[PDB]
Amino acid sequence: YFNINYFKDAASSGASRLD
Amino acid sequence: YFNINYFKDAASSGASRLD
Amino acid sequence: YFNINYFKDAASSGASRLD
Amino acid sequence: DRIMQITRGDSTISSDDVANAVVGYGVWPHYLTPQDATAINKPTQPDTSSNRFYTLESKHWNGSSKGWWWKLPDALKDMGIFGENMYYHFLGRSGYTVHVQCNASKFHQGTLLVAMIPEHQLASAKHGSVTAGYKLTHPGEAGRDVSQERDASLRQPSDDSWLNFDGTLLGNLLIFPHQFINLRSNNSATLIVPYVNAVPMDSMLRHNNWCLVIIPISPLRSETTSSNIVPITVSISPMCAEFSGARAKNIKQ
Amino acid sequence: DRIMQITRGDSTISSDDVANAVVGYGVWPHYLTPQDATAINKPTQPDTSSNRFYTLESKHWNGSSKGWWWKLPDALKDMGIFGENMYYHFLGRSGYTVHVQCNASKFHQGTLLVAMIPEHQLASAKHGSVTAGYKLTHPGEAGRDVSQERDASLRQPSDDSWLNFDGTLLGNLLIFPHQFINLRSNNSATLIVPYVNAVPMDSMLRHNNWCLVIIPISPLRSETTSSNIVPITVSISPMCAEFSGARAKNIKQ
Amino acid sequence: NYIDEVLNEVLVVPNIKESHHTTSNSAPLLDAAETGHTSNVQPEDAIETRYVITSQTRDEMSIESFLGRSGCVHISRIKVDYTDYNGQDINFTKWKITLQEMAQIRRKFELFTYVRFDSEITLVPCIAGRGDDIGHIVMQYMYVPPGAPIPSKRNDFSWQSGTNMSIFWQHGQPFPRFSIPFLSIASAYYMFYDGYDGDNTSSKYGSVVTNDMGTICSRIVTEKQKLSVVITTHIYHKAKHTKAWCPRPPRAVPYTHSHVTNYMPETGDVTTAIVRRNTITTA
Amino acid sequence: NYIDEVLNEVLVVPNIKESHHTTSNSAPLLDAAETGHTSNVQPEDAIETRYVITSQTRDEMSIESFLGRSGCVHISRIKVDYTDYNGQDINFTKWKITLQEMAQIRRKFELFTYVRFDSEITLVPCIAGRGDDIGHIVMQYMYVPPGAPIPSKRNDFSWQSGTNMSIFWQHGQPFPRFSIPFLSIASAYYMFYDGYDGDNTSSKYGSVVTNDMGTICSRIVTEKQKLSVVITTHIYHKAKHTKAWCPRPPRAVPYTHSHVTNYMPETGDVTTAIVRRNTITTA
Amino acid sequence: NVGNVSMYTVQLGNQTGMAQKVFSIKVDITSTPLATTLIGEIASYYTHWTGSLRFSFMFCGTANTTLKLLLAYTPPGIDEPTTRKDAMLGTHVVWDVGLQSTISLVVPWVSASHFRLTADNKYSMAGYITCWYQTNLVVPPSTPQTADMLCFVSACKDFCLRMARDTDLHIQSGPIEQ
Ligand SMILES: Cc1cc(CCCCCOc2c(Cl)cc(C3=NCCO3)cc2Cl)on1
Ligand SMILES: Cc1cc(CCCCCOc2c(Cl)cc(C3=NCCO3)cc2Cl)on1
């Protein structure tokens, strides 16, 4: 389960990723 | 996540879009 | 229903499997 | 066939009679792998000169005997080379071979239970939170118990057998790698055991991984002259010894 | 370029200045071959844990200094592991690396002649057929001479330098593997030396194969405070050590 | 997989074949147990068996259904005070990370030498009303690894958890639960140990030199209330994704203290579960 | 990705190869640190290393797991009054937008010159009952950017939020949380600054000329109640999707005041964490 | 010394005796003098540490000056060595002061537990490092006879930390005003 930005804005999202 | 108008009527929906 | 590790980390997950 | 031959150093042992041999957890002792490792230095691996057949101090098997144990990383704190490399290095890792010899005649009756035990945290003889003392879980070739007497001032373990010294009905002890010495068939007991521990190489001084126990189950019974003494002799062989974390030298105690 | 780096054990040595290095008889030290061998047992070869960079006791370079020697098989009769394996085994064989460090400033003037010598049968200081004593050709890290005083009751060698202690005009000594330490260019001296002896493996106790000598040729001369002490430090590394003929253990002396 | 896993038929036991009589040489019933090995004899060997197709799974006999069950391992208690709030060492709990502090489950592991696992963890706060109204009693649990500022008292600076974990539970909202990675510098958790702190004839020896893994300093955030209370936040623990190495004989003597084996009761003779018989002849 | 990300094996560290001895010219152990650069020497260089395949991730050593953790940055308090409701500057809180108003976390950033992030934000109201019954105490938080009508007192006209954000929390319903874009006219948040307001020998100088970003005027909507209360709404903050530029030496002197560096304690000698030794010779 | 800068320099002295000792510190990276260091200051943000470490020393001596120190890493197991010989027996590096100036000493990773605790712990004791004279500090005429050496510590690619936790090295026995 993931990438389901339930919210529109980007500022709202999980902790980013890593690379 | 989106376009899941959980409700029937159109009056009920998120803030429209932009174009 | 399964394999939906709603959480990121692995330490968080159901009881493992069997094999 | 029962006969067995074993060669470890410059040393060899024979036995014209035996009860197979046992490999602890069905794993054969070997050297550490660059996968499970952690340290960074090149381990010194004395071959032969170290992992050879050292024989300890012998003991008497009494009709009053109660049992005796030796703690391995420790039993050879004096056995040349191995037992020096122990003291010169921080990290030590090694597996063993235990040859337990105890003969008498076919007119004798007796039974010895031999067992090795990973992390044998003994219990103190005294109620409380006081743990056994160092200096007493570090006997040496000589081993411990016999059925001996001692200061109760010392944070002294349990000389108590039936509870396993750890307080687990001996008899479930059969879960640890073991075998007996039924004087009517047997002659020896041979345990072989790899390196078991949550760490790739531990402190040969602070931590004793293997603990060995020999316990008279059915009491020795002859009809001979008590001039006839039936010792019990233990012989051991570090195997795949590996050391590292070289430096000054600890100190004897 | 003069800088040099050497790595032998868990040990490494550096030198921001040097006079090449020398390989004794142009042969690099290595392990014994099943051709020239003789013994029958599998030699123990402590790697790293043994053939590493041991540094001895340091010494003072005086305007009254006369010279000092160390005998190799012997200088490390205490150096951990190597020097235990020595005592536990009959046959021992090994080659070395000698790092001789001695700095001072570019305002100092001095010259040290360093040399190794196969079979350095010293002469006694006293006329006769009495050979030097054991106990005195077996000094240890500490070395011998300095310009010291001692009992003439002891079957004592020749503290005599110019004769080479063996009675060969020092100066022809240049025939043995050597180099100097001319404080105006040099900093150290590095000798590397294989195993030379009519036998594949000798007695590490009775026989010292290599003998090392350091002799002040041109006397140390500064114009500084004699608060400025200019030591001389020797470091050694058994290389390709190999042992065999395991057993009890000799005894210290 | 499903069916086999839903029907729970993953680890099935063999069936008992049919036998006939044997008037033959090799006697399987005879082995010498001194070899330390275990016999291999079966029904079919000893008797004239029939034919039973089995259907018993050894699923529930897995270190995960043996271990993977929540158990009280600690009962944090706070007899609040309103008289002196804050003060040193008050109204906030702290407790050393471990298991041996409470039986039944301690028992259970100890069945093995080494163990490894991700732990579940659940908190069951229960608010006892000693007043005529409990208000809104918020709560803060958190975890203090080594070496870390452990609250001296109730509002330190450590309750800011700028980089620590603090779970918050407010009366009504359900039980707090969460999980955790396997925390050990070692490849496995040492249930036991035959090591010490050092050569100091006064050094520590046990499971314990190897388990200083925390502590928990607690807090009831809400501030001063009128009508008193007492909070009892129960700490349950579950082992998920477990492994075990080298089984041991179970414990038969009621312990005392943790991180030790010690049984030697205060005076009372050492008691065990074994029962006494009049005679071996009749059971 | 998954495995690597679930197993947390994204940033792995190299292993320690095997070495042999070196009786050679180039001496890697010798470099001149005056170049201001950093040495590059390793185990394998200095010793006769072995071979260890590593397995440690530098995942948790990422500006996101270093920064991305919630921390108390403010504790809004309201000692209600029923005597005078409304009145000027009462029963409603307002507080200037910032971090430096409270350590542990202030500390943490300050480790870098510039920083940028979307902020999480959570509110943890705790209602202390000073009465025999707290009723239903609704709440209104909101945000007053510059220049905006900041409530003079409790019911202004600004609590209509016709175009502002006001989050509402009613006793029972969980903690209010929300998130936020990176608010700065600048490409990054200035943790520091070596600028001033102007040439006015009375101008401001610090982190601060560049951070007038708000304030928060608070409100307990419910009206007049009977039995009193005191509300303490804790403000936690988390940094999600963070970046950092030009690291700095950590802080070792307990600060005082925010938007300033000033350490100079009130009388007390400036204290630091360094400990004193009797002698260098023994540690 | 401590509240000043000197608190950073180590003067290499006279030494009437020979083979004498300079200093020592212990390796447990969360232990003053270490701790405060960019590393230490940090490590104190995590519960566990691991890998090798690097100690570097620099000669703020003179040009015409000369010396040779012996630095050593005494792994965990025993007591910080009282004597050089005893310490030379383990991990070390002879340092020849010269045209270079910086010698970097590596601290291999020797441990039982793949990982060590950042918090003071008798178990996870990393050991000691010490420095002694190999030769001396010789200076030709009219050059000072004491001089300093600066010392530093950076990590190794070995290195890695975990289990974030709040720091040690900073108690805000404040508050903080406005
Ligand atoms: C023996 C033995 C067994 C174990 C297992 C140890 C597992 C750690 C306990 O896990 C918890 C942690 Cl790390 C934190 C909290 C916690 N509750 C509120 C804050 O932190 C609770 C538990 Cl059960 O250790 N020695
Ligand atoms: C230094 C430094 C660090 C920062 C970060 C500033 C981030 C802004 C704070 O974010 C909040 C906002 Cl914009 C509003 C509210 C809010 N709570 C109730 C109403 O508004 C809370 C927070 Cl933490 O600024 N200077």
# chains A, B, ... in the order shown; residues from 1 in each chain; ligands from 1
>>> residues_near_ligand(ligand="ligand 2", cutoff="9 Å", atoms="only C-alpha atoms and all ligand atoms", output="PDB file with N, CA and C atoms, in the first residue's frame")
ATOM      1  N   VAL G  73       7.063  22.537  20.507  1.00  0.00           N
ATOM      2  CA  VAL G  73       7.766  23.793  20.124  1.00  0.00           C
ATOM      3  C   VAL G  73       7.055  24.987  20.746  1.00  0.00           C
ATOM      4  N   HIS G  74       5.977  24.496  21.388  1.00  0.00           N
ATOM      5  CA  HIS G  74       5.067  25.448  22.029  1.00  0.00           C
ATOM      6  C   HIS G  74       3.930  24.723  22.725  1.00  0.00           C
ATOM      7  N   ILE G  97       5.122  32.756  15.756  1.00  0.00           N
ATOM      8  CA  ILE G  97       5.573  31.734  14.850  1.00  0.00           C
ATOM      9  C   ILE G  97       7.088  31.548  14.924  1.00  0.00           C
ATOM     10  N   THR G  98       7.511  30.393  15.403  1.00  0.00           N
ATOM     11  CA  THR G  98       8.950  30.109  15.482  1.00  0.00           C
ATOM     12  C   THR G  98       9.251  28.789  16.177  1.00  0.00           C
ATOM     13  N   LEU G  99      10.550  28.565  16.287  1.00  0.00           N
ATOM     14  CA  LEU G  99      11.112  27.332  16.847  1.00  0.00           C
ATOM     15  C   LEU G  99      12.069  27.594  18.022  1.00  0.00           C
ATOM     16  N   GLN G 100      12.895  28.606  17.846  1.00  0.00           N
ATOM     17  CA  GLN G 100      13.954  28.980  18.801  1.00  0.00           C
ATOM     18  C   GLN G 100      13.369  29.243  20.214  1.00  0.00           C
ATOM     19  N   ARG G 106      15.431  22.883  18.550  1.00  0.00           N
ATOM     20  CA  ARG G 106      16.060  24.116  18.046  1.00  0.00           C
ATOM     21  C   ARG G 106      17.543  23.842  17.719  1.00  0.00           C
ATOM     22  N   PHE G 109      18.213  21.507  14.318  1.00  0.00           N
ATOM     23  CA  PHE G 109      18.276  22.177  13.017  1.00  0.00           C
ATOM     24  C   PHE G 109      19.592  22.917  12.922  1.00  0.00           C
ATOM     25  N   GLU G 110      19.648  23.896  13.787  1.00  0.00           N
ATOM     26  CA  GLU G 110      20.780  24.789  13.937  1.00  0.00           C
ATOM     27  C   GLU G 110      22.086  24.132  13.520  1.00  0.00           C
ATOM     28  N   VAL G 115      17.807  25.575   5.572  1.00  0.00           N
ATOM     29  CA  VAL G 115      16.876  24.454   5.701  1.00  0.00           C
ATOM     30  C   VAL G 115      15.613  24.790   4.906  1.00  0.00           C
ATOM     31  N   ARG G 116      14.904  23.757   4.521  1.00  0.00           N
ATOM     32  CA  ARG G 116      13.663  23.889   3.739  1.00  0.00           C
ATOM     33  C   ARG G 116      12.809  22.664   3.994  1.00  0.00           C
ATOM     34  N   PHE G 117      11.502  22.909   4.105  1.00  0.00           N
ATOM     35  CA  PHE G 117      10.557  21.825   4.391  1.00  0.00           C
ATOM     36  C   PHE G 117       9.093  22.188   4.475  1.00  0.00           C
ATOM     37  N   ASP G 118       8.326  21.136   4.208  1.00  0.00           N
ATOM     38  CA  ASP G 118       6.895  21.119   4.466  1.00  0.00           C
ATOM     39  C   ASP G 118       6.809  20.596   5.886  1.00  0.00           C
ATOM     40  N   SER G 119       5.973  21.209   6.650  1.00  0.00           N
ATOM     41  CA  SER G 119       5.865  20.873   8.045  1.00  0.00           C
ATOM     42  C   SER G 119       4.589  20.166   8.335  1.00  0.00           C
ATOM     43  N   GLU G 120       4.733  19.152   9.121  1.00  0.00           N
ATOM     44  CA  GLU G 120       3.574  18.527   9.668  1.00  0.00           C
ATOM     45  C   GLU G 120       3.165  19.486  10.775  1.00  0.00           C
ATOM     46  N   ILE G 121       2.116  19.176  11.452  1.00  0.00           N
ATOM     47  CA  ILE G 121       1.693  19.977  12.596  1.00  0.00           C
ATOM     48  C   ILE G 121       0.533  19.367  13.260  1.00  0.00           C
ATOM     49  N   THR G 122       0.772  19.187  14.493  1.00  0.00           N
ATOM     50  CA  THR G 122      -0.162  18.567  15.341  1.00  0.00           C
ATOM     51  C   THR G 122      -0.307  19.356  16.648  1.00  0.00           C
ATOM     52  N   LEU G 123      -1.570  19.302  17.071  1.00  0.00           N
ATOM     53  CA  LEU G 123      -2.138  19.917  18.290  1.00  0.00           C
ATOM     54  C   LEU G 123      -2.620  18.830  19.267  1.00  0.00           C
ATOM     55  N   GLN G 140     -11.040  26.488  18.848  1.00  0.00           N
ATOM     56  CA  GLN G 140     -10.710  27.010  17.516  1.00  0.00           C
ATOM     57  C   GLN G 140      -9.268  27.490  17.482  1.00  0.00           C
ATOM     58  N   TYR G 141      -8.417  26.696  16.632  1.00  0.00           N
ATOM     59  CA  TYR G 141      -7.083  27.239  16.342  1.00  0.00           C
ATOM     60  C   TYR G 141      -7.052  27.855  14.947  1.00  0.00           C
ATOM     61  N   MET G 142      -6.221  29.081  14.989  1.00  0.00           N
ATOM     62  CA  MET G 142      -5.998  29.630  13.646  1.00  0.00           C
ATOM     63  C   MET G 142      -4.944  30.698  13.640  1.00  0.00           C
ATOM     64  N   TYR G 143      -4.650  30.724  12.704  1.00  0.00           N
ATOM     65  CA  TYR G 143      -3.414  31.161  12.042  1.00  0.00           C
ATOM     66  C   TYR G 143      -3.594  32.516  11.476  1.00  0.00           C
ATOM     67  N   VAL G 144      -2.704  33.345  11.884  1.00  0.00           N
ATOM     68  CA  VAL G 144      -2.740  34.685  11.434  1.00  0.00           C
ATOM     69  C   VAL G 144      -1.467  35.096  10.874  1.00  0.00           C
ATOM     70  N   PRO G 145      -1.453  35.044   9.583  1.00  0.00           N
ATOM     71  CA  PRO G 145      -0.339  35.459   8.877  1.00  0.00           C
ATOM     72  C   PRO G 145      -0.162  36.868   9.147  1.00  0.00           C
ATOM     73  N   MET G 165      -7.413  30.058   8.034  1.00  0.00           N
ATOM     74  CA  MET G 165      -7.628  28.670   8.467  1.00  0.00           C
ATOM     75  C   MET G 165      -7.780  28.545   9.964  1.00  0.00           C
ATOM     76  N   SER G 166      -8.851  27.837  10.266  1.00  0.00           N
ATOM     77  CA  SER G 166      -9.280  27.566  11.648  1.00  0.00           C
ATOM     78  C   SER G 166      -9.649  26.093  11.703  1.00  0.00           C
ATOM     79  N   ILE G 167      -8.966  25.393  12.555  1.00  0.00           N
ATOM     80  CA  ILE G 167      -9.209  23.946  12.788  1.00  0.00           C
ATOM     81  C   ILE G 167      -9.990  23.893  14.098  1.00  0.00           C
ATOM     82  N   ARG G 177      -4.516  17.465  13.338  1.00  0.00           N
ATOM     83  CA  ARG G 177      -3.259  17.382  12.586  1.00  0.00           C
ATOM     84  C   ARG G 177      -3.544  17.860  11.202  1.00  0.00           C
ATOM     85  N   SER G 179      -1.090  19.643   7.664  1.00  0.00           N
ATOM     86  CA  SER G 179       0.227  19.891   7.139  1.00  0.00           C
ATOM     87  C   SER G 179       0.274  21.169   6.370  1.00  0.00           C
ATOM     88  N   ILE G 180       1.476  21.464   5.956  1.00  0.00           N
ATOM     89  CA  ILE G 180       1.704  22.751   5.399  1.00  0.00           C
ATOM     90  C   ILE G 180       2.863  22.859   4.429  1.00  0.00           C
ATOM     91  N   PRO G 181       2.598  23.629   3.375  1.00  0.00           N
ATOM     92  CA  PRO G 181       3.589  23.979   2.387  1.00  0.00           C
ATOM     93  C   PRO G 181       4.674  24.768   3.033  1.00  0.00           C
ATOM     94  N   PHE G 182       5.764  24.867   2.333  1.00  0.00           N
ATOM     95  CA  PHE G 182       6.908  25.630   2.799  1.00  0.00           C
ATOM     96  C   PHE G 182       6.620  27.110   2.522  1.00  0.00           C
ATOM     97  N   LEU G 183       6.526  27.765   3.656  1.00  0.00           N
ATOM     98  CA  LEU G 183       6.053  29.144   3.614  1.00  0.00           C
ATOM     99  C   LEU G 183       7.164  30.136   3.494  1.00  0.00           C
ATOM    100  N   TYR G 189      14.274  28.337   4.311  1.00  0.00           N
ATOM    101  CA  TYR G 189      14.114  28.966   5.654  1.00  0.00           C
ATOM    102  C   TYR G 189      15.508  29.280   6.209  1.00  0.00           C
ATOM    103  N   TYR G 190      15.683  30.527   6.594  1.00  0.00           N
ATOM    104  CA  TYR G 190      16.942  31.017   7.183  1.00  0.00           C
ATOM    105  C   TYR G 190      17.008  30.660   8.673  1.00  0.00           C
ATOM    106  N   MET G 191      17.802  29.657   8.990  1.00  0.00           N
ATOM    107  CA  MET G 191      17.998  29.236  10.388  1.00  0.00           C
ATOM    108  C   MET G 191      18.844  30.294  11.099  1.00  0.00           C
ATOM    109  N   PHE G 192      19.627  30.965  10.274  1.00  0.00           N
ATOM    110  CA  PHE G 192      20.525  32.041  10.700  1.00  0.00           C
ATOM    111  C   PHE G 192      20.466  33.190   9.701  1.00  0.00           C
ATOM    112  N   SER G 207      17.892  36.164  12.811  1.00  0.00           N
ATOM    113  CA  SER G 207      16.998  35.212  12.183  1.00  0.00           C
ATOM    114  C   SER G 207      15.634  35.796  12.505  1.00  0.00           C
ATOM    115  N   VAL G 208      15.306  36.666  11.663  1.00  0.00           N
ATOM    116  CA  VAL G 208      14.143  37.168  12.434  1.00  0.00           C
ATOM    117  C   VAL G 208      13.622  38.387  11.696  1.00  0.00           C
ATOM    118  N   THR G 210      14.170  37.880   9.452  1.00  0.00           N
ATOM    119  CA  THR G 210      13.466  37.084   8.430  1.00  0.00           C
ATOM    120  C   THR G 210      12.519  36.047   8.799  1.00  0.00           C
ATOM    121  N   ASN G 211      11.679  36.277   9.738  1.00  0.00           N
ATOM    122  CA  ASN G 211      10.700  35.239  10.019  1.00  0.00           C
ATOM    123  C   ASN G 211       9.545  35.756  10.763  1.00  0.00           C
ATOM    124  N   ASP G 212       8.857  36.636  10.129  1.00  0.00           N
ATOM    125  CA  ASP G 212       7.647  37.037  10.731  1.00  0.00           C
ATOM    126  C   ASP G 212       6.612  36.403   9.895  1.00  0.00           C
ATOM    127  N   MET G 213       6.379  35.236  10.420  1.00  0.00           N
ATOM    128  CA  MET G 213       5.468  34.400   9.841  1.00  0.00           C
ATOM    129  C   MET G 213       4.421  33.906  10.709  1.00  0.00           C
ATOM    130  N   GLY G 214       3.694  34.890  11.120  1.00  0.00           N
ATOM    131  CA  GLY G 214       2.463  34.627  11.743  1.00  0.00           C
ATOM    132  C   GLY G 214       2.260  35.247  12.986  1.00  0.00           C
ATOM    133  N   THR G 215       1.730  34.245  13.590  1.00  0.00           N
ATOM    134  CA  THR G 215       1.263  34.152  14.870  1.00  0.00           C
ATOM    135  C   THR G 215      -0.035  33.312  14.845  1.00  0.00           C
ATOM    136  N   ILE G 216      -0.404  32.945  16.038  1.00  0.00           N
ATOM    137  CA  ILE G 216      -1.565  32.125  16.286  1.00  0.00           C
ATOM    138  C   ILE G 216      -2.417  32.632  17.406  1.00  0.00           C
ATOM    139  N   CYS G 217      -3.542  33.080  17.001  1.00  0.00           N
ATOM    140  CA  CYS G 217      -4.551  33.535  17.908  1.00  0.00           C
ATOM    141  C   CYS G 217      -5.529  32.399  18.095  1.00  0.00           C
ATOM    142  N   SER G 218      -5.690  32.103  19.340  1.00  0.00           N
ATOM    143  CA  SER G 218      -6.478  30.955  19.778  1.00  0.00           C
ATOM    144  C   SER G 218      -7.867  31.350  20.287  1.00  0.00           C
ATOM    145  N   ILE G 235       1.809  22.065  21.024  1.00  0.00           N
ATOM    146  CA  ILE G 235       2.100  22.168  19.585  1.00  0.00           C
ATOM    147  C   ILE G 235       3.391  21.441  19.174  1.00  0.00           C
ATOM    148  N   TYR G 236       3.199  20.274  18.579  1.00  0.00           N
ATOM    149  CA  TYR G 236       4.280  19.445  18.041  1.00  0.00           C
ATOM    150  C   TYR G 236       4.539  19.778  16.563  1.00  0.00           C
ATOM    151  N   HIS G 237       5.743  19.544  16.081  1.00  0.00           N
ATOM    152  CA  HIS G 237       6.127  19.862  14.708  1.00  0.00           C
ATOM    153  C   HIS G 237       7.141  18.849  14.181  1.00  0.00           C
ATOM    154  N   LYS G 238       6.818  18.467  12.955  1.00  0.00           N
ATOM    155  CA  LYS G 238       7.530  17.526  12.101  1.00  0.00           C
ATOM    156  C   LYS G 238       7.759  18.102  10.686  1.00  0.00           C
ATOM    157  N   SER G 258      15.324  33.571  21.811  1.00  0.00           N
ATOM    158  CA  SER G 258      15.284  33.037  20.461  1.00  0.00           C
ATOM    159  C   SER G 258      15.625  34.118  19.450  1.00  0.00           C
ATOM    160  N   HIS G 259      15.989  33.643  18.275  1.00  0.00           N
ATOM    161  CA  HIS G 259      16.320  34.500  17.131  1.00  0.00           C
ATOM    162  C   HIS G 259      17.634  35.216  17.374  1.00  0.00           C
TER     163      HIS G 259
END
>>> select_by_dssp(residues="range 39-267 of chain F", states="alpha helix (DSSP H)", output="PDB file with C-alpha atoms, in the first residue's frame")
ATOM      1  CA  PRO F  43       3.533 -47.877  15.350  1.00  0.00           C
ATOM      2  CA  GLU F  44       3.892 -49.764  12.128  1.00  0.00           C
ATOM      3  CA  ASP F  45       7.108 -51.260  13.485  1.00  0.00           C
ATOM      4  CA  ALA F  46       5.923 -52.620  16.843  1.00  0.00           C
ATOM      5  CA  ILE F  63       7.488 -21.176  17.270  1.00  0.00           C
ATOM      6  CA  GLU F  64       5.123 -18.443  15.974  1.00  0.00           C
ATOM      7  CA  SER F  65       1.829 -19.622  17.477  1.00  0.00           C
ATOM      8  CA  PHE F  66       3.760 -20.813  20.524  1.00  0.00           C
ATOM      9  CA  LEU F  67       5.369 -17.494  20.894  1.00  0.00           C
ATOM     10  CA  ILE F 105       5.593 -15.661  29.527  1.00  0.00           C
ATOM     11  CA  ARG F 106       9.160 -15.523  30.925  1.00  0.00           C
ATOM     12  CA  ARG F 107       8.759 -19.217  31.334  1.00  0.00           C
ATOM     13  CA  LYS F 108       7.754 -19.741  27.681  1.00  0.00           C
ATOM     14  CA  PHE F 109      10.781 -18.195  26.007  1.00  0.00           C
TER      15      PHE F 109
END
>>> atom_distance(atom1="CA of residue 88 in chain E", atom2="CA of residue 30 in chain D")
25.3 Å
>>> residues_around(residues="residue 4 in chain A", least_positions_apart="6", cutoff="10 Å", atoms="only C-alpha atoms", output="PDB file with N, CA, C and O atoms, in the first residue's frame")
ATOM      1  N   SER A  13       1.843  14.778   2.538  1.00  0.00           N
ATOM      2  CA  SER A  13       2.205  13.484   1.910  1.00  0.00           C
ATOM      3  C   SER A  13       3.101  12.876   2.968  1.00  0.00           C
ATOM      4  O   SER A  13       3.285  13.694   3.866  1.00  0.00           O
ATOM      5  N   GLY A  14       3.534  11.674   2.750  1.00  0.00           N
ATOM      6  CA  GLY A  14       4.403  11.032   3.731  1.00  0.00           C
ATOM      7  C   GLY A  14       5.793  11.647   3.551  1.00  0.00           C
ATOM      8  O   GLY A  14       6.037  12.479   2.714  1.00  0.00           O
TER       9      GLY A  14
ATOM     10  N   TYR B   1      -5.195   9.080  -5.507  1.00  0.00           N
ATOM     11  CA  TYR B   1      -6.632   8.884  -5.136  1.00  0.00           C
ATOM     12  C   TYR B   1      -7.505  10.080  -5.582  1.00  0.00           C
ATOM     13  O   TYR B   1      -7.137  11.256  -5.218  1.00  0.00           O
ATOM     14  N   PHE B   2      -8.570   9.667  -6.327  1.00  0.00           N
ATOM     15  CA  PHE B   2      -9.488  10.688  -6.923  1.00  0.00           C
ATOM     16  C   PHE B   2     -10.443  10.224  -8.051  1.00  0.00           C
ATOM     17  O   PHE B   2     -10.279   9.291  -8.874  1.00  0.00           O
TER      18      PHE B   2
END
>>> interface_residues(of="chain F", to="chain D", cutoff="7 Å", atoms="only C-alpha atoms", output="count of residues only")
30
>>> residues_around(residues="residue 11 in chain D", least_positions_apart="5", cutoff="12 Å", atoms="only C-alpha atoms", output="list in words")
residues 5, 6, 48, 49, 50, 51, 52, 53, 54, 55, 235, 236 and 237 of chain D; 41, 42, 245, 246 and 247 of chain E
>>> write_last_selection(atoms="C-alpha atoms", output="mmCIF file, in the first residue's frame")
data_model
loop_
_atom_site.group_PDB
_atom_site.id
_atom_site.type_symbol
_atom_site.label_atom_id
_atom_site.label_comp_id
_atom_site.auth_asym_id
_atom_site.auth_seq_id
_atom_site.Cartn_x
_atom_site.Cartn_y
_atom_site.Cartn_z
ATOM 1 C CA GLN D 5 39.972 -43.325 15.803
ATOM 2 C CA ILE D 6 40.350 -39.595 16.069
ATOM 3 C CA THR D 48 47.444 -28.044 14.815
ATOM 4 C CA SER D 49 49.685 -26.227 17.302
ATOM 5 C CA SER D 50 46.545 -25.064 18.851
ATOM 6 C CA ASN D 51 43.529 -27.065 17.930
ATOM 7 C CA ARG D 52 44.867 -30.357 19.260
ATOM 8 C CA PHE D 53 43.994 -32.973 21.884
ATOM 9 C CA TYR D 54 44.551 -31.582 25.389
ATOM 10 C CA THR D 55 43.695 -33.872 28.261
ATOM 11 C CA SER D 235 40.250 -34.848 26.764
ATOM 12 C CA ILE D 236 39.547 -31.791 24.648
ATOM 13 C CA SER D 237 40.415 -30.344 21.262
ATOM 14 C CA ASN E 41 55.102 -33.306 11.516
ATOM 15 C CA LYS E 42 52.939 -30.481 10.207
ATOM 16 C CA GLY E 245 58.019 -30.467 17.658
ATOM 17 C CA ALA E 246 55.240 -29.565 20.069
ATOM 18 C CA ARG E 247 55.300 -30.727 23.677
#
>>> closest_residue(among="D:229, D:201, D:192, D:215", to="chain H", atoms="only C-alpha atoms")
D:201
>>> residues_around(residues="residue 175 in chain G", least_positions_apart="4", cutoff="12 Å", atoms="only C-alpha atoms", output="PyMOL selection string")
(chain F and resi 138+168-170+173) or (chain G and resi 121-126+139+167-171+233-236)
>>> interface_residues(of="chain C", to="chain F", cutoff="7 Å", atoms="only C-alpha atoms", output="number ranges by chain")
C: 11-12, 15-16
>>> select_by_dssp(residues="range 78-193 of chain F", states="strand (DSSP E)", output="count of residues only")
35
>>> interface_residues(of="chain F", to="chain H", cutoff="6 Å", atoms="only C-alpha atoms", output="VMD selection string")
chain F and resid 146 to 148 163 to 164 185 to 186
